[PDB]
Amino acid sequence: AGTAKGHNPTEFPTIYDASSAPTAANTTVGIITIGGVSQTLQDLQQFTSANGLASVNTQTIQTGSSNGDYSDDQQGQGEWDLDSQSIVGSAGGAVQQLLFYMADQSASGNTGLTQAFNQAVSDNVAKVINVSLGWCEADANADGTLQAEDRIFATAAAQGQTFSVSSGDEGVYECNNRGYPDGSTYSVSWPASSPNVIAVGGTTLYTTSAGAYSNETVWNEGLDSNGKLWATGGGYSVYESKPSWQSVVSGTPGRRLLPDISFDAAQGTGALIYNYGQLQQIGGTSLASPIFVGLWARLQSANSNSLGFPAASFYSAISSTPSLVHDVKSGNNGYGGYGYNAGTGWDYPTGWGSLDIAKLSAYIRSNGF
């Protein structure tokens, strides 16, 4: 049912039933970036000004060496644009502050990125932090990145910060040269596979002619002209043990299952984003994560920034209270008859599905989180 089309970020509150919630004006939000954000900040000004919104207070943080390379990565600007504009739109047009935690590009291997995560946790000023990044978890494990970064995310969770991470754009084929079809061989993305973050998968979003929510299916747009799959990451970690709160999803391995929740990701139903001054229609789980971040930041502002790391609460609340989500039921995250299928309740492409924010807010008012 419904129509597939692009959406302005300011539509995400209506789509996900967040209009009645406070904005994120009382919550500080972080974004992890690789390199600088100079063009991104100009595109953010274009965004707020075009949409008639109050200006956003920003800070940029050099997270590594002061001699490091924080120049703009030109392609990267599109990611940081997607992230920042989608957060602010989903947040209802206001955030307390947006902090860009910039990784040094001249640091060895993944150490610049690790240091960006570390700085966000050490500072402990952002309540919610977006990470629209990922790569094969087995590569991260082999070189020690996984272990180093998991320690940082563990500290974040213990201090009550929410890291939100895109589940991946390769469907089940994360480790096969970043998304090439591989039959029955399935893998997942890091850092989404950490049990210390919220992993956010991807949907195809249909809206009614009046712009309301109609339905969501799995994000799976098939292969590009190079032969790479574009679909929501989902599956289970081969390394991370299942956190006890995931025991409510019976019949799954003793591993961290992902994603937890999902939001819009299909390019064909994606966000209209200003990138080097020009509007582009962009998707991915790189979109879904910042949608979650902006919506969650609203709930933080409604709760005096007192909500802790929410994974256990999501699993207990949603399993007992199906009205809190839009349960995705149709589609798959592989190719050629392979991959996982959506179904009733939690599934590997989409986790619990998307949040109905005003219903979740009412639940939190009654029950805590």
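Numbers for residues come from their place in the sequence shown, where the first is 1.
Asks: Quick one: say whether 223 to 231 or 114 to 122 has the higher mean Cα B-factor in the deposited entry.
Replies: Stretch with the greater average CA B-factor: 223 to 231.
Asks: I need to verify one thing: averaged over C-alpha atoms only, is the B-factor higher for 204 to 212 or for 234 to 242?
Replies: On average, C-alpha B-factors are higher across 204 to 212.
Asks: Given 100, 190, 274, 180, identify the residue with the highest C-alpha B factor in the PDB entry.
Replies: Highest C-alpha B-factor among the listed residues goes to 180.
Asks: Highest Cα temperature factor in the entry, among the options 269, 176, 161, 217: which one is it?
Replies: Answer for 269, 176, 161, 217: 176, with the highest C-alpha B-factor.
Asks: Based on the deposited C-alpha B factors for this chain, I'd like to know if residue 171 is in the lowest, middle or highest third.
Replies: Middle third - that is where residue 171 ends up once the chain's C-alpha B-factors are sorted.
Asks: State the tercile, meaning the lowest, middle or highest third, of residue 331 with respect to the CA B-factors recorded for its chain.
Replies: For residue 331, the deposited C-alpha B-factor lands in the middle third.
Asks: Tell me, lowest, middle or highest third: where does the Cα B factor of residue 308 rank within its chain?
Replies: It falls in the middle third of the chain.
Asks: By its CA B factor, does residue 151 count among the lowest, middle or highest third of the modelled residues in the chain?
Replies: Ranked within chain, residue 151 CA B lands in the highest tercile.
Asks: Using the temperature factors of the C-alpha atoms in this entry, rank residue 104 within its chain: lowest, middle or highest third.
Replies: Residue 104: CA B-factor falls in the highest third of its chain.
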